[PDB]
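Heads up: the protein sequence lines correspond to chains V and P, in order.
The first sequence lines up with residues 25 to 88, 99 to 135, 143 to 651, 657 to 891 when you count with the UniProt record's numbering.
The second sequence lines up with residues 25 to 87, 97 to 136, 143 to 650, 658 to 891 when you count with the UniProt record's numbering.
Beta carbons are placed, not taken as given, at the ideal position from N, Cα and C, and that holds for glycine.
Some notes on the structure that comes next.
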Amino acid sequence: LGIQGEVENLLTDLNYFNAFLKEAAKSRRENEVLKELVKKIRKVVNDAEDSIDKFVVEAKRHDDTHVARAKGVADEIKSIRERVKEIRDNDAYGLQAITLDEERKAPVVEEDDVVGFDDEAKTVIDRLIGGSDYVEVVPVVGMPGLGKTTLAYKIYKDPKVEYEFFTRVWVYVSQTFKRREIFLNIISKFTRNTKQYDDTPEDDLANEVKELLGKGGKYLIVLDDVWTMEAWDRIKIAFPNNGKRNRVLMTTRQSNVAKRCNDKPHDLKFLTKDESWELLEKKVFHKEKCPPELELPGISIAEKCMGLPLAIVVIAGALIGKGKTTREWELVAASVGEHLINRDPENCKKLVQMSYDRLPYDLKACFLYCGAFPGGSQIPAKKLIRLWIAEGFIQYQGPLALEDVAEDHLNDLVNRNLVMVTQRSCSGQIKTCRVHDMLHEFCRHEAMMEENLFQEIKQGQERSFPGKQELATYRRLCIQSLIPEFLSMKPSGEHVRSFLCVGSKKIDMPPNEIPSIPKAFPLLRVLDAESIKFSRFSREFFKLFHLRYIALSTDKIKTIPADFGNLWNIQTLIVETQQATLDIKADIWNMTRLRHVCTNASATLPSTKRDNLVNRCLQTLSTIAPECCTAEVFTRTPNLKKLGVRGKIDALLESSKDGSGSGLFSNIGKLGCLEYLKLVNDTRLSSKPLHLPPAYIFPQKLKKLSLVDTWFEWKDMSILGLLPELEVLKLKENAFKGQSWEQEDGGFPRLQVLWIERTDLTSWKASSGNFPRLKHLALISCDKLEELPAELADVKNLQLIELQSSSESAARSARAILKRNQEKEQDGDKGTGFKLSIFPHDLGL
Amino acid sequence: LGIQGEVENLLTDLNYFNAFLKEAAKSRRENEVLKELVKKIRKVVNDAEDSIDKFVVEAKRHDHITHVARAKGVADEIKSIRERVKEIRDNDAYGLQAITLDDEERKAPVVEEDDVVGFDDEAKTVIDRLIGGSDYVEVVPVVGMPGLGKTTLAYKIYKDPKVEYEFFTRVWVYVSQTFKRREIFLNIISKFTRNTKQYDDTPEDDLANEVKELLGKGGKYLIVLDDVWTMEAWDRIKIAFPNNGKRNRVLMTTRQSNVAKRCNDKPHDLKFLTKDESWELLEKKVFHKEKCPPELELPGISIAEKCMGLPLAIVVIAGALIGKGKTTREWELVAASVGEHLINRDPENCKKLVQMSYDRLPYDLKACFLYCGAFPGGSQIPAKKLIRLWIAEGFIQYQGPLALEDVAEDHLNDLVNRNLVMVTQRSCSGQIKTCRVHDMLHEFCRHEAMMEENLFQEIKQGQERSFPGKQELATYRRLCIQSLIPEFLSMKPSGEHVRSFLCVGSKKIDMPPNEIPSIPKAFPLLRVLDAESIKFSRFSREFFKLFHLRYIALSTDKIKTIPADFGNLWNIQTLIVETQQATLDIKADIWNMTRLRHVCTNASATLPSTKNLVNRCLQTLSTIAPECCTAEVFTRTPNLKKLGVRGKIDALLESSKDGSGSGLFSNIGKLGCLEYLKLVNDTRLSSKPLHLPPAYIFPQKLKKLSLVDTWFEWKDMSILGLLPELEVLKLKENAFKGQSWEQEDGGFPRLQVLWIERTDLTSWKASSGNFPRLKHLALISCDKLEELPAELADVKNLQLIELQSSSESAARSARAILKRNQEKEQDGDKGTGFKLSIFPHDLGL
Ligand SMILES: Nc1ncnc2c1ncn2[C@@H]1O[C@H](COP(=O)(O)OP(=O)(O)OP(=O)(O)O)[C@@H](O)[C@H]1O
Ligand SMILES: Nc1ncnc2c1ncn2[C@@H]1O[C@H](COP(=O)(O)OP(=O)(O)OP(=O)(O)O)[C@@H](O)[C@H]1O
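Structure follows, in C-alpha cells:
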C-alpha cells in the first residue's frame, strides 16, 4: 500500500519530533517561543499517533464504507504530513536552539517560632545521642515543602545538640554539586587559608577533612538536600569512622537514599489542624491575634493546606497583601490551590519542579495521571496501575510482567515522596495511595495547562462545560459529577482517548443517554466508569476498536454479548454486576493482549476450543464459575497469577468418573504461576458437606488463600498446613464449621497472616511449632470462642493480634502471652512492637 | 468550506507571533531592528484577530447573497493577512533568530544630600519609630510610587545626628531589581575588614553567619535595605541579621506595599510634596541660590503644580527649563506641554525609573495598567467601571473557581500594591471604590500606549493636532475622546479597526439627533462603547449591527424601552442604560446573551419572558420591577450577587392569600449567591405600611442591605437581626417610620456598618448584644435624636460616629462619652482610637 509508504515517512518525522520533545523536556525552558514550539510539535505529534492508530485499526479490519473510511484516513495523513513539513521549514530556527546548546541557592528557614516540631526534634535528637559507636546516618524524609530543613536547622541549633557534638558542620548538598568545593567549604569552617589547597587533589582534601573532624569528640554533619546515593558515597570519605559516636544528620526527598543510609528513616510529620491554624495566624498577624471576623474563613484556609508548612507560608503571603477583611479571606479559602501554584510560580511551583524535572521521562506522565482523580480522594493502587498500562505509559519488554513494572514505578513515586501511601496490603504491597493537595494542584496545573495530558469536565459556579472548539483539542476527559447532563449536550470529541468517571457516588445512566459515550469519543482507549451503573449495552460500545480499559457497574445486564469481542485491543475488564451470573459470551480468548477479568458474579467463560494462539498476557480471572475451571481453560492461561471461584464449591471438589478422586481442583494445580486463590460458596441447601482435596493436588506455588462459607471441617486445616508456599489465609462467614479445632503438630511453615470472621468454633488448641512465621492474627465476631492457645507466645514473628467479640479470658491469655514475649525480648531479643486491638473500645469497659 | 481551514492556518501562525511578542516584551534590548519587527508583527497580529473575529460573527450569523459577498470579502482579507505573514518570515528571518536564541547596572542611585525640602516632618516620624518599638529586629518600610523620594528620605534618615548617635553600627545596603546575595554579604564584611579575598571558598551560608558575628559584636544596628522588590529578597537577606534583643532596626525602601506589610503590618507610606514645597524645589533646582525673577514666578508655580508634588517630575522639568532658557514665553510653553518634557524628550532620568516597575509587571497586568491612562489626567476612575472595562477588552483571562470580577479586582489590588495606581475612595467593607493614576504615570501610560504599543489613541483639537484623517484612522486601535464628540463625528469618520470608543468626558452632552448613528457607522468592529457621558434620544438600527459589542454604557432621557433588535448582540457582557425616565422596559432577548454579566439602570427594569438554559455569568441585575422577581427568573440566574428592586414593592411583600406561600420576595431567598440587596419604594398610598417577611425567607448569605422610602416600623428592625451574615445596612430618608427605636437581646451577629438618613428618630434604646462587630454608625441629618445609648461606649469595635448640626443633648452625650473614654484610657484601659469630628469649628468648640 502507498498509504503504508507515507505512514513510514511520517513515522520517521515522528521519531525526530519525539526526540525533540524528550530533549526539550530534559530541562525547563523559560523562553516563550520554545514553549509554544514545544506545544505546537507536541500537538502535531499527538494528532499524528491518533491518525496512525486509525490506519492501524482500519488495516486490521481490512485484513480480517470500508474504502471511504480508509480514504478519509489517508487524507488525514496527508494533512498531517503538510503540518510537519511546514514545522520543519517555518520554525526551523527554534529547532536549532535545542539541537545544539546555574546558581547555588541554599534554602532559608525559620529560626524563631517553629510550630509543631517540638516532639519531632526531640525524637531525632534521641536517635542522634543513642546508637552504635560508628558513624550513623539519621535521615529525615518527606515530601517537598514538608519542613525537613526547618527541623534539621532546629536540631542543628538545639541547646542539647550543640553541647553534645563539639564539631557541627552544615553542608548544602543539592541536585548538582562539585565534591571539590564541598570539601573546600567544609575546610573553610576550620582554617581561613583555603588558597593553601589550589593543586591538592580531592583525595587529599578528603583526608584533610578527616583530620579536622577527628581532633575532638563527636561531630554532627547536616548533609542538607541529598538527592542520590552516589552523592552520599562520594562525600562520606571526608567523614572518618574513628569510633566516637559520630552522627550525620541528613535531609532528603528520597526514601531509597534514606534507607541505604539507615534501615529506619525518620518520616517527618504533617502539621495538625490546630498547628496549621497557629502557623498561618502567626505568619499573617505577626504578634497580634486574629480578629474574630477572620477566624472562621482563616481556619478553613489552614485546613485546606493539608498541614503542609510550605503551603501555609505561601498562602500567608497572599493574605498579607490582600488585607484584613472577611470577603477577601473567603475568596482565598475558595482558591487555596490556585494561590499556591498559579499565583505563586516561584515558591511552590519551583520547589515541586525540583522533583518533577528529575523524574524519568516515562515516570512524568505516570505522576501527572494521578491528578485526574479528585483532590484528597483515595486511589486504589491496582486501579492506578491498570490505567497506566492501558494508557501506554508502561513501555517494557523484559522478563517481568507489566503489573510488576508499573508497581515499582508507583513505588518509585512513593520513594520520591511524590505519592503518599495510606493503606498497605498484608504482604506489604501498596494498596491505596493518595497525592498531597499541593502536589495534586501541581499535577492539575501542569497536565491541564502545560502538557494537555487531561482536562476536567465541570460546570461549577460560573464556568460551564467546554464548547465544541475546546473539545476538538481535548485528549482526556476526567469528570466527577453531572455526567448525564454533560452527555445530554451531545458532545463530540474526536481526539478523546480516555473518559475517567472519577466520581465517588454511583449514578444511573438514563436509557436515552446510555450510548452517548461511545459516539462522543470514538477513539476511546480508557473508559473508567465503574462509578456509573449501566443497565444496557448499546451497539456503539462495540465500535470502540481502540478500547483497552473498560470498567463499568451494572444492576440489570447478565451477559457480555459476542459483539464485545470485536475489541481485540482490550486489556482490563471490570464489570461490577449486582446479579449472580455473568455469562461472558464475548470471545475473550482472541484478545491476545487481555490481562484482567475482574467481576463479582459467577462469570461463565466461553468455550476455549474451536487464531491459533494462547492468552499469554492474561493474569487475573476473578470469580468465575466452578464449571469453567476446565483443563482447556487453564491451558489457555499459562501465566495466570490470581484465580477466583464463586458459587457451588461442591462441584469443584467432587470426584471424576474415571475412578480417580481428583476433581476440577486438580486442573487448578496445573497453574504454575498461581499465587492467589479465592473460593466463595453460596449453596447452603446442598446436602453434602464439602471435603477439601488432599494437599498434593493443590497449586504448590499458592501464596494466598481466601475461603468464604465453604462449610469445610476444621480437620481440613491439617492438609492446608502441607502447603509449602501459603502465606496469607483469610476465612470468612463460617467457611470452617465445627465446635472444635485441635491442630496437628507442625504445619503452616511460612503462614504470616491469619484472618478469621464469624464461625461456630469454641475451642482452639495448638503446639509450640504450629505458627513459626505468623505475624498478624485477626479474629472477628467469633463470640463462641472460649480461650486462645498459650503457645502463641512462642511465635517469634508475632507483631499484632486483633480480637473482636472475644472472651475476657482470651484477653487474659493475651496479657500473659505479651508478658512472656516482653520477658523474651529483655534477654537481648529486639522488640517486635506487639500491639493489641479490640474494637469497639467500649466493650468490656 | 476551506476558508475555515485557512483560519486554522492563520491561527497557528498567530500563536507563534503572540509568543514572539510575549518573549520580546520580556527583555527591552537596545536592538532597534527588533523594535521595528515587533511593531510590524504586532500590527499584523492585530489585523489578524480583527479578521478572525469578522469570520466568527459571519459564521454565527449564517448558522444570503449579501452573506456570500461578505464571506468572499473575509476570505480575501484572510488571504492578505496570510500573505503578510509570509513576508515576515521571508525577510525578517534574522529578527526571529535573535529572540529564539538567548544571551555595571548595580551602581547605587544618586540622591541629593543637601537642599532636601519637605522631608523634615517625615524623617522625624520615621526616626521616632526607629528609636521606639520592641526589643527584637523591627523593620520600618517606607513605601511609595516611583520617584517619590524614598531613597532621598532614607539617606536623610541615615545621616541625622539622632540616628547616628543612637545606633552602634549603621550599614547601607543597595538591593536592586536583580542582585547577588553573595555580593551583599561581602560588601557588609568589606566594611568591617578589608580582606574579603579570604572568603573565596566560603559559602554564602558561612558568609551570613560571618555577618551575624560582625553585627553582633555590639549594640543596635540600623541597616538600610534600599529598593527591595520581592518577599523572597528580604527573607534571603534577613538571615545575616542577628536577633540578640538589642532593639535592632532595619529601614527598608520599596515600591511594593505587600512587601512592606510582611516586614511590618504598618507600612510608612511616604507623602507627596505640597504646592509650596514643590515650587520651593523647582526654584532651588533651576535658579540655585538666586531667587526666581518676578516675571517667571507666575509660570513657575504653574509648572510646579503640574508635577503634583512629585520630586522626580520637578527635577526633570528643572533640566528642561535650564535648557529652554529663561524667558516668560518659553516657560508658559513648557507649562502647556509638561508631559512631553517628562517622558517624550527626557528618557534618560524619568522614563527609566518608571519602566523599572512596568517591565516587572506580568504580561496581563501591562495592558491593564496602560488602559488606566485612557482616562483624563487627574480624573477619578470608578473601580467597578474600570474592572468591567478590563473584562470587556479581554485583559482578564481566567478559568478557576473565582468570578472574573474578583480576579480583575485582584489585578487592581496588585497595581495599587505596586504603587502604580492610587486609591482615593474605599467602600464600607474596604473594597476599592475609586482610583486615580498619578500624573507622571499617566504620561508614561500615554507614551507607551500610543507610540510604542498602539493600545489606544486620543482624539483632540489642539494648536496643531486637529482631527485625524482617514490614513491615521486606518491604524487607530482604540479611540479615547474627551470633548467635541459631535464635531468629530460630524465629519463621517471611517475607522474600520477601532475596537473601543471611550467617552472619557465628565460633563454629559446631548448627542444631536442627526449624528446619533455615527458611532456605529464609523466603527463596525466596536467592542467597547463607553458612551455614558452622551445622552441618546433614540436608538438606531446601526447600533444593532455592532455584533462584537461587549461593554455598552449609555445615558438617555427619552428612550423608555430597549428594543428587541438589541438582543442581536449576543456578545454583550455589561449593559448600562442610565435613564432619567421612571421605568425602563427591556424587550431585548437578554436571556440569549450567554455571556451577559451585568445589567445596570436607574429605572425599574422590566425583564422579558425567559421562555433548560441558564445564565451562569450574570452577576448583577440592579433595579428591576417587583413583578419580575419571579422564581422562574431567579432560576435562570443562579450566580446573582447583587439584586435591586425599585417601585411598588408591595407586590413583593404581599401575602399570597390564595393559600400558598409563594410571595415574590420568597423567590429572592432562593438565590444562594446573593450578597447585596436593594429595595426602593415609590408608592406611599397603601392603607398600611409594609412589614418584613420572616427572616428565614431572606437569603441567608446576605451581607449587605439597603432600603429606601420603605416606611418600615422600628419594631421590625429586630427581625433583620436574625440575618446571620449581614454586615452593612443602609437606609435613606423615610425608609423607617416612627420615633421610638427598641431592640431585643442579641441579633445583628455580624453587623459592621449602619447608615441612617433623615428619619423621624427621637428616642433610641438598645443593648450591648446588638453590636458585636459594628464599626461605622452614621445618622446624617437625624438631628431629632436626643441622646446616644450608653451601651455604644462599651462597643470595642466602634470606630466613628459623625453628626453635624445635631441637638444640644446629642452634643452633650458625645462630650460625656469622649471625656469618660479619655479618663478610662488614663486609667490603663486600651485605647480603641475613637475620634469625633465637628465641622466647622465655630460650633462645638
Ligand atoms: N514548623 C514550621 N514553622 C514555620 N515555618 C515552617 C515550618 N516548617 C517549615 N516551614 C516553612 O516552610 C517552608 C518549607 O520548609 P522547609 O524549608 O523546611 O522545606 P523542605 O522540606 O526542606 O523542602 P525541600 O523539599 O525543598 O527539601 C519554609 O519557608 C519554612 O520556613
Ligand atoms: N525632598 C526632596 N528634595 C529635593 N529633591 C528630592 C527630594 N525627594 C526626592 N528628590 C529628588 O528626586 C529624585 C528622585 O527621588 P529618589 O531618587 O529619592 O526616588 P525613589 O523614591 O528612591 O525612586 P525609585 O522608586 O526609582 O527607587 C532624585 O534626583 C532626588 O534628588
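A buried status is given to P/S852, since no fewer than 16 other beta-carbon atoms sit within 10 Å of its beta-carbon. Chain P places no beta carbon closer than 8 Å to that of V/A374, leaving this residue out of the contacts. Of the candidates V/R589, V/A781, V/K783, the residue whose Cα lies closest to the Cα of V/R634 is V/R589.
Less than 8 Å separates the beta-carbon of V/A357 from that of V/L321. In this structure, DSSP gives P/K305 a state outside helix and strand, which the three-state scheme calls coil. Ligand 2 never approaches V/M530 closely enough for any of its heavy atoms to be under 7 Å from the residue's Cβ. Distances taken from the Cβ of P/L187 to the heavy atoms of ligand 2 include one shorter than 7 Å. When secondary structure is reduced to three states using DSSP, V/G339 falls in the helix class. Looking only at V/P440, V/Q436, V/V80, V/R457, the smallest Cα-Cα distance to V/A447 is reached by V/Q436. Beta-carbon to beta-carbon, V/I223 and V/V210 are separated by about 11 Å, too far to satisfy the 8 Å threshold. No Cβ of chain P is located within less than 8 Å of the beta carbon of V/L381.
With at least 16 other beta carbons inside 10 angstroms of its own, P/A570 counts as buried. If you check the CB distance, V/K811 and V/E788 come in under 8 Å. The C-beta separation of V/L169 from V/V179 comes to about 6 Å, placing the pair in contact by the 8 Å criterion.
At a beta-carbon threshold of 7 Å, the residues of chain V lying near P/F44 are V57, ordered along the chain.
P/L312 and P/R465 have their C-alpha atoms spaced approximately 23 Å apart. Per DSSP, the beta-bridge partners of P/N727 are P/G693. Closer than 7 Å to some heavy atom of ligand 1: that describes the Cβ of V/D266. With respect to the 8 Å criterion, P/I420 and P/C474 are classified as neighbours on the basis of their beta carbons.
A distance below 8 Å separates the beta carbons of P/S533 and P/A561. Between P/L480 and P/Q496, the CB-CB gap reaches or exceeds 8 Å. When CB distances to chain P are screened at a threshold of 7 Å, the residues of the segment 317-334 of chain V falling below it are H327, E334, in chain order. Secondary structure in the UniProt domain "Disease resistance protein winged helix" (414-483) of chain P: the alpha helix (DSSP H) runs of 4 residues or longer, each lying completely within the stretch, are 422-432, 443-456 in chain order. Here V/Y410 really is in contact with V/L428; their C-beta atoms are around 7 Å apart, less than 8 Å. Here the segment 182-199 of chain V lies against the segment 258-275 of chain V, with 3 or more beta-carbon pairs under 8 Å apart. When the beta-carbon positions are compared, V/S786 and V/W760 come within less than 8 Å of each other. For P/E673 and V/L459, the gap between their C-alpha atoms comes out near 57 Å. Of all residues in the segment 203-220 of chain V, only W211, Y213 place a beta-carbon less than 8 Å from a beta-carbon of chain P. DSSP, reduced to helix, strand and coil, places P/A570 within a strand of the structure shown. With the rule of 3 Cβ pairs closer than 8 Å, the segment 204-218 of chain V does not count as touching the segment 325-332 of chain V.
In the three-state DSSP reduction, P/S855 falls in the helix class (H, G or I).
Remark: the shortest separation between the CB of P/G784 and any heavy atom of ligand 1 does not fall under 7 Å. Using a Cβ distance threshold of 8 Å, P/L686 and P/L710 do not count as a contacting pair. Using a 10 angstroms sphere on the CB of P/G339, the tally of other CB atoms reaches 16 or more, which defines it as buried. The three-state secondary structure of P/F540, taken from DSSP, is strand. Around the CB of V/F885, fewer than 16 other CB atoms lie within 10 Å, so the residue is classed as exposed.
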